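A.B. asks: I have a structure here, written as C-alpha cells, and I will follow up with some questions on it.
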Amino acid sequence: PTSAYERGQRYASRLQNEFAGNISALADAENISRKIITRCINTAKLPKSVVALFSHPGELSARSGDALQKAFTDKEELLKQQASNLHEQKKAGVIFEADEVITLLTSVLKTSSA
Amino acid sequence: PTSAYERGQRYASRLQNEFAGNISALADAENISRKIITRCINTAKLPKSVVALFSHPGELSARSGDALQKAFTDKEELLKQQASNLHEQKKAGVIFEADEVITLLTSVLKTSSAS
DNA sequence: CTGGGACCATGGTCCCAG
DNA sequence: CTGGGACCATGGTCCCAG
C-alpha cells in the first residue's frame with residue numbers, strides 16, 4: 001500500500017487546494033471517515049527525520065503518527081532533537097524497530113521513563 | 001569556594017570584552033590553565049533550569065558541567081526537558097544528589113533505557 | 001590560537017581485617 | 001574501635017596536533 005505519511009501529504013494538498021480546508025468535503029471526496037484524513041494529515045505534519053527513523057515510511061501507522069503529532073504539538077524542536085538522538089544511536093549500531101521508536105520518542109515528555 | 005557555574009559566567013564576560021575572545025589571553029590573565037576556563041565557561045552555558053536541580057550550584061562540578069554541555073550540544077531543548085522531568089521527581093519529594101542528577105540527565109542519550 | 005588526551009595529587013569514601 | 005587498601009571524581013596542568 002502507501003504509507004500514512006504519503007497519504008497524508010496528498011490529503012493535505014487536496015484539502016488546501018481542491019477543497020479549501022474543508023475536511024468533510026475531502027472526506028466525501030475520498031469516501032472515507034474524516035478521522036482517517038485527520039490521522040494521515042497529522043502524520044505528514046511530522047518532521048522528515050522522525051519518518052527517517054523507520055526503514056520504510058509505511059512502518060509509521062496513521063494512528064501512531066497522529067498520536068505522535070499531537071503529543072508533540074508546540075514542541076517540534078524537542079521532537080526534532082530527540083529524533084537525531086535516536087539517529088545517532090542507530091548510527092552507533094543500535095537497532096530498535098517501529099513500535100519501539102514511537103515509544104522512545106514519547107518517553108521524553110513522560111516523567112516516568114525519562 | 002565559588003561554584004564552577006559562577007566562575008564560568010565571570011570568565012565568559014571577561015572573554016567577550018576584556019580579551020576579544022582569546023582564551024589564552026584570559027588564561028594568562030587569570031594565571032590558570034586554558035582547560036579550566038573552558039570547562040567553567042561551558043558549565044555556565046547550561047540552562048539555569050539545570051543548575052536548579054542541585055542543592056547549591058557548587059554541587060555541579062566544572063568537570064561534569066562541561067561534559068554535560070558537550071553532550072547536549074545542539075540539543076538544548078532535550079536537556080531542558082529532562083531537566084523539568086527531574087524537577088518533578090523532586091517536586092514529588094523524591095531526592096537524588098549531584099552524581100545521580102548528571103547521570104539521569106545524560107541517561108536520555110543512552111540506550112540502557114531498554115538494553 | 002584551540003581542543004583533546006594523558007597525567008597528577010588531592011580530598012574524600014568504602015569496606016576489609018586485625 | 002582502628003588502620004590500611006582500593007577506589008573515585010575533581011581541580012589542575014602539560015603538551016601534542018590541527
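Naming works like this for the C-alpha cells: A, B, ... for the chains as they're shown, residue 1 at the start of each chain, ligands 1 onward in shown order.
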List every residue of chain B that DSSP, applied to the backbone of this structure, assigns to alpha helix (DSSP H), and report them as a PyMOL selection string.

C.D. replies: chain B and resi 4-16+23-30+34-45+48-52+62-71+76-91+98-107

A.B. asks: Deliver the residues from the most recent selection as a file, using C-alpha atoms, as a PDB file, in the first residue's frame.

C.D. replies:
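selection-v4.pdb, written as the output of this step:
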```
ATOM      1  CA  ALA B   4      32.126  26.446  38.595  1.00  0.00           C
ATOM      2  CA  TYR B   5      28.892  27.853  37.224  1.00  0.00           C
ATOM      3  CA  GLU B   6      29.642  31.227  38.836  1.00  0.00           C
ATOM      4  CA  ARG B   7      33.299  31.215  37.726  1.00  0.00           C
ATOM      5  CA  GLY B   8      32.062  30.382  34.257  1.00  0.00           C
ATOM      6  CA  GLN B   9      29.882  33.472  33.957  1.00  0.00           C
ATOM      7  CA  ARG B  10      32.802  35.639  35.048  1.00  0.00           C
ATOM      8  CA  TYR B  11      35.358  34.061  32.722  1.00  0.00           C
ATOM      9  CA  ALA B  12      32.757  34.275  29.964  1.00  0.00           C
ATOM     10  CA  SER B  13      32.264  38.039  30.135  1.00  0.00           C
ATOM     11  CA  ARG B  14      35.948  38.895  30.617  1.00  0.00           C
ATOM     12  CA  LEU B  15      36.377  36.842  27.476  1.00  0.00           C
ATOM     13  CA  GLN B  16      33.888  38.693  25.271  1.00  0.00           C
ATOM     14  CA  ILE B  23      41.039  32.035  25.843  1.00  0.00           C
ATOM     15  CA  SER B  24      44.824  32.065  26.015  1.00  0.00           C
ATOM     16  CA  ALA B  25      44.890  35.758  26.884  1.00  0.00           C
ATOM     17  CA  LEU B  26      42.269  35.232  29.575  1.00  0.00           C
ATOM     18  CA  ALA B  27      44.056  32.161  30.870  1.00  0.00           C
ATOM     19  CA  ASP B  28      47.349  34.019  31.277  1.00  0.00           C
ATOM     20  CA  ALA B  29      45.475  36.896  32.903  1.00  0.00           C
ATOM     21  CA  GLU B  30      43.745  34.661  35.450  1.00  0.00           C
ATOM     22  CA  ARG B  34      43.097  27.122  29.485  1.00  0.00           C
ATOM     23  CA  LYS B  35      41.049  23.981  30.083  1.00  0.00           C
ATOM     24  CA  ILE B  36      39.759  25.321  33.405  1.00  0.00           C
ATOM     25  CA  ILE B  37      38.438  28.443  31.753  1.00  0.00           C
ATOM     26  CA  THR B  38      36.957  26.247  29.051  1.00  0.00           C
ATOM     27  CA  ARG B  39      35.254  23.879  31.485  1.00  0.00           C
ATOM     28  CA  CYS B  40      33.780  26.545  33.742  1.00  0.00           C
ATOM     29  CA  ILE B  41      32.557  28.601  30.774  1.00  0.00           C
ATOM     30  CA  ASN B  42      30.791  25.626  29.192  1.00  0.00           C
ATOM     31  CA  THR B  43      29.246  24.946  32.590  1.00  0.00           C
ATOM     32  CA  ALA B  44      27.872  28.481  32.610  1.00  0.00           C
ATOM     33  CA  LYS B  45      26.248  27.722  29.245  1.00  0.00           C
ATOM     34  CA  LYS B  48      19.678  27.767  34.707  1.00  0.00           C
ATOM     35  CA  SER B  49      16.888  25.202  34.821  1.00  0.00           C
ATOM     36  CA  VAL B  50      19.628  22.574  35.192  1.00  0.00           C
ATOM     37  CA  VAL B  51      21.764  24.319  37.800  1.00  0.00           C
ATOM     38  CA  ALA B  52      18.499  24.425  39.749  1.00  0.00           C
ATOM     39  CA  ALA B  62      33.250  22.289  36.369  1.00  0.00           C
ATOM     40  CA  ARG B  63      34.121  18.888  35.055  1.00  0.00           C
ATOM     41  CA  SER B  64      30.654  17.360  34.826  1.00  0.00           C
ATOM     42  CA  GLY B  65      29.013  20.615  33.821  1.00  0.00           C
ATOM     43  CA  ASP B  66      31.457  20.681  30.923  1.00  0.00           C
ATOM     44  CA  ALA B  67      30.698  17.099  29.948  1.00  0.00           C
ATOM     45  CA  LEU B  68      27.017  17.830  30.243  1.00  0.00           C
ATOM     46  CA  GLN B  69      27.322  20.828  27.941  1.00  0.00           C
ATOM     47  CA  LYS B  70      29.227  18.967  25.218  1.00  0.00           C
ATOM     48  CA  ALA B  71      26.808  16.031  25.442  1.00  0.00           C
ATOM     49  CA  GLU B  76      19.362  22.261  24.456  1.00  0.00           C
ATOM     50  CA  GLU B  77      15.637  21.557  24.288  1.00  0.00           C
ATOM     51  CA  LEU B  78      16.024  17.871  25.099  1.00  0.00           C
ATOM     52  CA  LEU B  79      18.218  18.866  28.022  1.00  0.00           C
ATOM     53  CA  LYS B  80      15.655  21.320  29.346  1.00  0.00           C
ATOM     54  CA  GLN B  81      13.005  18.605  29.057  1.00  0.00           C
ATOM     55  CA  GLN B  82      14.895  16.028  31.078  1.00  0.00           C
ATOM     56  CA  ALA B  83      15.570  18.903  33.453  1.00  0.00           C
ATOM     57  CA  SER B  84      11.884  19.568  34.104  1.00  0.00           C
ATOM     58  CA  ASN B  85      11.129  15.852  34.262  1.00  0.00           C
ATOM     59  CA  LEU B  86      13.662  15.668  37.083  1.00  0.00           C
ATOM     60  CA  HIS B  87      12.303  18.825  38.683  1.00  0.00           C
ATOM     61  CA  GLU B  88       9.068  16.927  39.193  1.00  0.00           C
ATOM     62  CA  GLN B  89      10.612  13.797  40.670  1.00  0.00           C
ATOM     63  CA  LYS B  90      11.825  16.113  43.440  1.00  0.00           C
ATOM     64  CA  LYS B  91       8.615  18.163  43.271  1.00  0.00           C
ATOM     65  CA  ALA B  98      24.794  15.579  42.492  1.00  0.00           C
ATOM     66  CA  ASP B  99      26.113  12.458  40.763  1.00  0.00           C
ATOM     67  CA  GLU B 100      22.660  10.973  40.114  1.00  0.00           C
ATOM     68  CA  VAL B 101      21.401  14.216  38.627  1.00  0.00           C
ATOM     69  CA  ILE B 102      24.078  14.259  35.945  1.00  0.00           C
ATOM     70  CA  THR B 103      23.534  10.559  35.239  1.00  0.00           C
ATOM     71  CA  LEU B 104      19.786  10.876  34.954  1.00  0.00           C
ATOM     72  CA  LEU B 105      20.065  13.957  32.740  1.00  0.00           C
ATOM     73  CA  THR B 106      22.507  12.157  30.457  1.00  0.00           C
ATOM     74  CA  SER B 107      20.609   8.850  30.554  1.00  0.00           C
TER      75      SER B 107
END
```

A.B. asks: Provide as a ChimeraX atom specification the residues of chain A at most 6 Å from chain B, counting only C-alpha atoms.

C.D. replies: /A:78,81,111

A.B. asks: Can you work out which residues from chain C touch chain B at a cut-off of 12 Å (counting only C-alpha atoms (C1' of nucleotides)) and hand them back as a PyMOL selection string?

C.D. replies: chain C and resi 1-4

A.B. asks: For residue 13 (chain D), find every residue with an atom within 9 Å (counting only C-alpha atoms (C1' of nucleotides)), except residues of its own chain fewer than 6 positions away, and show them as a list in words.

C.D. replies: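 Near neighbours after the sequence-gap exclusion: residues 32, 33 and 35 of chain B; 7 and 8 of chain C.
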
A.B. asks: With N, CA and C atoms (P, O5', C5', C4', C3', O3' and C1' of nucleotides) retained, could you export that selection as a CSV table (one decimal), in the first residue's frame?

C.D. replies:
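Generated file (again.csv):
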```
chain,number,residue,atom,x,y,z
B,32,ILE,N,45.9,30.7,34.9
B,32,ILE,CA,45.3,29.4,35.1
B,32,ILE,C,45.2,28.7,33.8
B,33,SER,N,45.2,27.4,33.8
B,33,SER,CA,45.2,26.6,32.6
B,33,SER,C,44.0,27.0,31.7
B,35,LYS,N,42.1,24.9,29.9
B,35,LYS,CA,41.0,24.0,30.1
B,35,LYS,C,40.1,24.4,31.2
C,7,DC,P,49.6,8.2,30.0
C,7,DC,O5',49.9,9.1,31.3
C,7,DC,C5',49.2,10.4,31.4
C,7,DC,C4',49.9,11.2,32.4
C,7,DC,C3',49.9,10.6,33.8
C,7,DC,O3',51.2,10.9,34.5
C,7,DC,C1',48.6,12.6,33.7
C,8,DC,P,51.4,10.2,35.9
C,8,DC,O5',51.0,11.3,36.9
C,8,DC,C5',51.3,12.7,36.6
C,8,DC,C4',51.0,13.6,37.8
C,8,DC,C3',50.8,12.7,39.0
C,8,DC,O3',51.5,13.2,40.1
C,8,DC,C1',48.9,14.1,38.6
```

A.B. asks: Grab the CA of residue 113 (chain A) to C1' of residue 9 (chain D) distance for me, in Å with one decimal place.

C.D. replies: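 Interatomic distance here is 26.9 Å.
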
A.B. asks: Residue 15 (chain C): which residues within 10 Å, counting only C-alpha atoms (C1' of nucleotides), same-chain residues fewer than 2 positions away excluded, as a ChimeraX atom specification?

C.D. replies: /C:13,17 /D:5-6

A.B. asks: Grab the residues selected above and save them as a PDB file, in the first residue's frame with N, CA, C and O atoms (P, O5', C5', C4', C3', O3' and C1' of nucleotides).

C.D. replies:
```pdb
ATOM      1  P    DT C  13      33.850  12.116  53.047  1.00  0.00           P
ATOM      2  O5'  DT C  13      33.584  10.676  52.437  1.00  0.00           O
ATOM      3  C5'  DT C  13      33.122  10.575  51.100  1.00  0.00           C
ATOM      4  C4'  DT C  13      33.112   9.137  50.644  1.00  0.00           C
ATOM      5  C3'  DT C  13      32.556   8.154  51.665  1.00  0.00           C
ATOM      6  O3'  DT C  13      31.595   7.328  51.004  1.00  0.00           O
ATOM      7  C1'  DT C  13      34.745   7.470  50.965  1.00  0.00           C
ATOM      8  P    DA C  17      38.723  -9.519  54.653  1.00  0.00           P
ATOM      9  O5'  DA C  17      39.648  -9.031  55.852  1.00  0.00           O
ATOM     10  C5'  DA C  17      40.991  -8.642  55.601  1.00  0.00           C
ATOM     11  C4'  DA C  17      41.647  -8.172  56.877  1.00  0.00           C
ATOM     12  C3'  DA C  17      41.555  -9.148  58.046  1.00  0.00           C
ATOM     13  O3'  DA C  17      42.756  -9.045  58.791  1.00  0.00           O
ATOM     14  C1'  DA C  17      40.680  -7.098  58.707  1.00  0.00           C
TER      15       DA C  17
ATOM     16  P    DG D   5      48.360  -0.215  52.922  1.00  0.00           P
ATOM     17  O5'  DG D   5      47.351  -0.818  51.860  1.00  0.00           O
ATOM     18  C5'  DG D   5      46.861  -2.134  52.029  1.00  0.00           C
ATOM     19  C4'  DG D   5      45.642  -2.333  51.171  1.00  0.00           C
ATOM     20  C3'  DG D   5      45.827  -1.805  49.754  1.00  0.00           C
ATOM     21  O3'  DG D   5      45.242  -2.737  48.850  1.00  0.00           O
ATOM     22  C1'  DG D   5      43.962  -0.745  50.759  1.00  0.00           C
ATOM     23  P    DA D   6      45.436  -2.551  47.271  1.00  0.00           P
ATOM     24  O5'  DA D   6      43.971  -2.134  46.799  1.00  0.00           O
ATOM     25  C5'  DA D   6      42.825  -2.861  47.246  1.00  0.00           C
ATOM     26  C4'  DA D   6      41.560  -2.188  46.765  1.00  0.00           C
ATOM     27  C3'  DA D   6      41.683  -1.613  45.355  1.00  0.00           C
ATOM     28  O3'  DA D   6      40.474  -1.861  44.620  1.00  0.00           O
ATOM     29  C1'  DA D   6      41.040   0.107  46.840  1.00  0.00           C
TER      30       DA D   6
END
```

A.B. asks: Could you name the residues that touch region 2-7 of chain A at 10 Å or less, counting only C-alpha atoms (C1' of nucleotides), but leaving out those on the same chain fewer than 3 positions away, as a PyMOL selection string?

C.D. replies: chain A and resi 10-12+36-37+39-46+48+51+56-66

A.B. asks: CA of residue 61 (chain B) and CA of residue 3 (chain B) are how many Å apart?

C.D. replies: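 That distance, rounded to one decimal, is 7.7 Å.
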
A.B. asks: Just to confirm, what's the straight-line distance from CA of residue 53 (chain B) to CA of residue 107 (chain A) in Å (one decimal)?

C.D. replies: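 Taking CA of residue 53 (chain B) as the start and CA of residue 107 (chain A) as the end point, the length is 20.0 Å.
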